[PDB]
Amino acid sequence: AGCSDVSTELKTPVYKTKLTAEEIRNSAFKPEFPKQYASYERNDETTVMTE
Amino acid sequence: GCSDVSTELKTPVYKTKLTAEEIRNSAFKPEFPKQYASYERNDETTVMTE
Amino acid sequence: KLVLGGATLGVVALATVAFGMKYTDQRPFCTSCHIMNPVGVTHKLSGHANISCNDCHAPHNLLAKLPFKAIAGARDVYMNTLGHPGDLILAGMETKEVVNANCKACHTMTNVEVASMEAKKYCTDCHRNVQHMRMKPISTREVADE
Amino acid sequence: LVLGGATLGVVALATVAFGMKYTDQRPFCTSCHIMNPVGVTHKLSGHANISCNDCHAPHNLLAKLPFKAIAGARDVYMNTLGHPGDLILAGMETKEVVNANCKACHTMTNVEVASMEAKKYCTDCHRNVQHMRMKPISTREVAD
Ligand code: HEC
Ligand code: HEC
Ligand code: HEC
Ligand code: HEC
Ligand code: HEC
Ligand code: HEC
Ligand SMILES: CCCCCCCc1cc(O)c2ccccc2[n+]1[O-]
Ligand SMILES: CCCCCCCc1cc(O)c2ccccc2[n+]1[O-]
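Residues numbered from 1 in each chain as written, not as in the entry; some residues may be left out. Chains lettered and ligands numbered in written order. Part of a larger assembly, values for the part shown. Heavy atoms only, no water.

Caption draft 1: Representation of the coordination of the iron atom of ligand 6 within the structure. Residue and element names in this part refer to chain C. Protein-derived coordination of the iron atom of ligand 6 comes from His48 (NE2) and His107 (NE2), at a distance range of 2.0 Å. Classification of the site at the iron atom of ligand 6 rests on its six donor atoms, whose angles at the metal span 82 to 176°, yielding the label octahedral. Here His48, found in the loop between α3 (37–45) and α4 (54–57), pairs with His107, found in the loop between α6 (93–106) and α7 (116–119); they are 59 residues apart in sequence, far enough to count as distant. (Donors = N, O, S within 2.8 Å, 3.2 Å for Na, K, Ca; no water. Tetrahedral: all angles 85-135°; square planar, octahedral: opposite > 155°, others 65-115°. Helix = DSSP H or I, 4+ residues; strand = E, 2+ residues; numbered from the N terminus.)

Below, the structure written as structure tokens:
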């Protein structure tokens with residue numbers, strides 16, 4: 001069902017955005033990283049308290 | 001069926017970033033922090049055997 | 001003549017089954033699912049790297065092993081396709097049990113004179129890192145998906 | 001008719017495989033009284049729950065079949081028509097297949113250390129894995 005061995009390296013995925021070297025506007029990262037952005041937005045929650 | 005011995009025992013071969021005449025202990029620390037930490041145990045000076 | 005062909009098919013059949021049985025025990029087969037990488041890596045890095053996953057994760061007995069392999073197998077395919085796995089992958093009761101039994105299987109002689117079985121429920125309650133190096137920092141075990 | 005043939009085939013290989021394995025374990029090996037000292041010292045040691053040929057034969061299927069028949073044949077001969085000495089010592093060949101099997105199961109312990117270059121064999125340090133040779137005679141051996 002599958003046949004080559006795992007890698008000891010632990011290679012982090014590599015990316016190549018469409019963004020310019022000096023891009024700083026948060027909402028420019030949105031269309032290319034929707035899942036992280038979605039998560040980033042969860043910081044907007046401001047009602048939950050711990051001990 | 002196949003072997004599961006996917007890591008085979010080999011004699012370690014080393015290639016350091018150090019120049020051929022390096023003598024400074026502290027230059028050896030970054031590439032071999034384990035042997036170094038062990039070497040540092042020689043600073044102990046309070047234990048007597050018999 | 002004719003039955004010699006039959007015999008020749010017989011040996012092939014069992015040889016193939018046996019090989020497949022073994023192959024479906026080892027690290028390369030298990031890690032053909034990206035979700036099993038953390039456990040693959042930690043395994044290859046550990047003292048137990050040169051034994052198979054099912055050397056710990058399946059019973060050693062032939063009769064008990066065949067069904068266990070097909071049940072866990074089936075259940076794992078299902079989880080990787082139609083089901084929704086969580087943020088935490090934890091060994092269920094049953095697998096904690098077949099593993100600890102296999103601890104006993106290979107390290108009996110070290111323990112013959114000592115009630116190490118009665119102290120903690122499982123060996124790994126002391127030998128903590130045999131459980132896939134759980135104590136080591138996240139970055140030594142895991143990355144994001146591609 | 002060929003279904004009968006198939007049914008004979010599976011039996012044939014099942015039998016051969018079982019017999020292959022059985023001829024690897026402590027009770028088969030110790031069916032010769034000369035092999036008792038090694039039998040006892042094995043059953044007493046850390047390695048009691050692995051077979052003799054897990055150390056004494058190659059792990060490779062193609063290499064193992066001939067090794068088993070040659071050593072086997074030679075052991076039957078020595079136990080019948082030949083006269084064994086007071087000392088039973090491993091020959092060069094078997095020192096070699098054993099040490100290779102040391103490497104086979106304890107690689108990970110040794111990956112970062114030139115342990116292979118220091119002494120010729122592992123057992124030059126792990127002396128008692130050699131059937132507890134250091135312990136007093138009475139803990140290994142009795143008369144026939
Ligand atoms: C090779 C033979 C193996 C072994 C020894 C294991 N796996 Fe997997 N597995 C997969 C997924 C998606 C899960 C999560 C299920 C859940 O959410 O509960 C698992 C889980 C496990 C466990 C822990 C749970 C348990 O008790 O069984 C263990 C011990 C385990 N696996 C071992 C996915 C896959 C695969 C995709 C088809 C394959 C192939 C494997 N795993 C292979 C193996
Ligand atoms: C079961 C599979 C085994 C194994 C692993 C070994 N034996 Fe035997 N053996 C027998 C006799 C008479 C001798 C002495 C001959 C002599 O003095 O030269 C031996 C010797 C050995 C050795 C040392 C020789 C070597 O190959 O290095 C070893 C490693 C060994 N044995 C292992 C006789 C028998 C038997 C009677 C027929 C049987 C059965 C076995 N041995 C079984 C095994
Ligand atoms: C690995 C852990 C072993 C197992 C399992 C068994 N033996 Fe052994 N054997 C082992 C070593 C390292 C040696 C000596 C190697 C050397 O270079 O001297 C031996 C030797 C023997 C001998 C005779 C030679 C001797 O040193 O006494 C015999 C007859 C023998 N081995 C057979 C044997 C049997 C029958 C075992 C099962 C009961 C067995 N061995 C287990 C390592 C290991
Ligand atoms: C030395 C024995 C051993 C081997 C070999 C081994 N594991 Fe594990 N495995 C464990 C232990 C111990 C646990 C945790 C048991 C518990 O929860 O009590 C575990 C748990 C797991 C889990 C989920 C639980 C967790 O803590 O992550 C997965 C998935 C898994 N094993 C798969 C594998 C795969 C795939 C391999 C092969 C690369 C493998 N194992 C090799 C011992 C082993
Ligand atoms: C096929 C597997 C296998 C082979 C071959 C093997 N070992 Fe082991 N070894 C094991 C296992 C399994 C244990 C642990 C058993 C236990 O914990 O009681 C072990 C334990 C040990 C130990 C600790 C116990 C002791 O008696 O010192 C040493 C040292 C060791 N092995 C070295 C060796 C050497 C040296 C050889 C070669 C003569 C060898 N091993 C052959 C699998 C093997
Ligand atoms: C079928 C074989 C097998 C199984 C199953 C097995 N071991 Fe091991 N284990 C070995 C062998 C062989 C070694 C020696 C590794 C080496 O020397 O490279 C070892 C090494 C170890 C070590 C030393 C390295 C370390 O990680 O600390 C511990 C502790 C250990 N085993 C405990 C366990 C526990 C706990 C389990 C159950 C999860 C277990 N073993 C299951 C064969 C096995
Ligand atoms: C009909 C038997 C052939 C199918 C082999 C299945 C292989 C298989 C697949 C898994 O996902 C496993 C997960 C945990 C434990 C064992 C596992 N086995 O053996
Ligand atoms: C079914 C064919 C098997 C042939 C019988 C051989 C058994 C046998 C007998 C021995 O005396 C041995 C001595 C040292 C190493 C291996 C040995 N094996 O395998």
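Caption draft 2: Main features of empty space enclosed by the protein. This model, assessed by the stated rule, comprises one cavity of 30 Å³ or more. Here the largest cavity defines a volume of roughly 40 Å³. What lines the largest cavity is simply B:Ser3, B:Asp4, B:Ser6, C:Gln26, C:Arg27, C:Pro28, C:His43, C:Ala49, C:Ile51 and C:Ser52. (1 Å grid on protein atoms, 1.4 Å probe; cavity = no way out; pocket = protein on both sides within 12 Å on 5 of 7 lines; lining within 4 Å. Points joined across faces, edges and corners; volume = space filled by probe spheres on them.)

Caption draft 3: Looking closely at the arrangement of the chains. Here five pairs of chains make contact, and the pair sharing the most contacts is chains A and C. Contact between chain A and chain D is absent, and the minimum C-alpha spacing across the pair is 14 Å. (Contact = heavy atoms within 4.5 Å.)

Caption draft 4: Examining the site of ligand 4 more closely. All names here are of chain C. As a matter of local geometry, ligand 4 sits amid 20 residues, with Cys53, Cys56, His57, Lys96 and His132 nearest to it. With respect to ligand 4, the side chain of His57 contributes an N or O atom lying 2.8 Å from a nitrogen atom. Contact distances for ligand 4 include 3.1 Å between an oxygen atom and a side-chain N or O atom of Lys96. Sorting the residues of the shell around ligand 4 by element identifies α2 (27–30), α3, α4 and α6 as the ones contributing at least two each. The greatest single-element share of the shell around ligand 4, amounting to three residues, is contributed by α3. The residue makeup of the shell around ligand 4, split by class, is ten nonpolar, eight polar and two charged. (Near = heavy atom within 4 Å. Polar contact = N/O pair within 3.5 Å; in protein donor to acceptor, adjacent residues only side chain to side chain. Nonpolar A, V, L, I, M, F, W, Y, C, P; charged D, E, K, R; others polar.)

Caption draft 5: Geometry of the coordination of the iron atom of ligand 5. Residues and elements named next belong to chain D. The coordination sphere of the iron atom of ligand 5 contains the protein donors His47 (NE2) and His106 (NE2), at a distance range of 1.9 to 2.1 Å. Every donor counted, the six donor atoms about the iron atom of ligand 5 form angles of 83 to 178° at the centre, which fits octahedral coordination. Residue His47 is found in the loop between α3 (36–44) and α4 (53–56), and its partner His106 is found in the loop between α6 (92–105) and α7 (107–110); the two are separated by 59 residues along the sequence. In this structure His106 comes out as partly exposed when scored by relative accessible area, which is 43%. (Buried < 20%, exposed > 50% of the residue type's maximum accessible area, 1.4 Å probe, protein only.)

Caption draft 6: Seen up close, the interface of chain A and chain C. On the chain C side, the residues contacting the twelve residues of chain A number 19 residues. Across the chain A/chain C interface, buried area totals approximately 1,300 Å², and carbon plus sulfur atoms make up 61% of it. The closest approach of N and O atoms between A:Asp5 and C:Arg27, which form a salt bridge, is 2.8 Å. Broken down by class, the residue content of the side of chain A that touches chain C amounts to five nonpolar, five polar and two charged. (Buried area = accessible area lost by both parts, 1.4 Å probe. Salt bridge = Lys/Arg side-chain N within 4 Å of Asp/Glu carboxyl O.)

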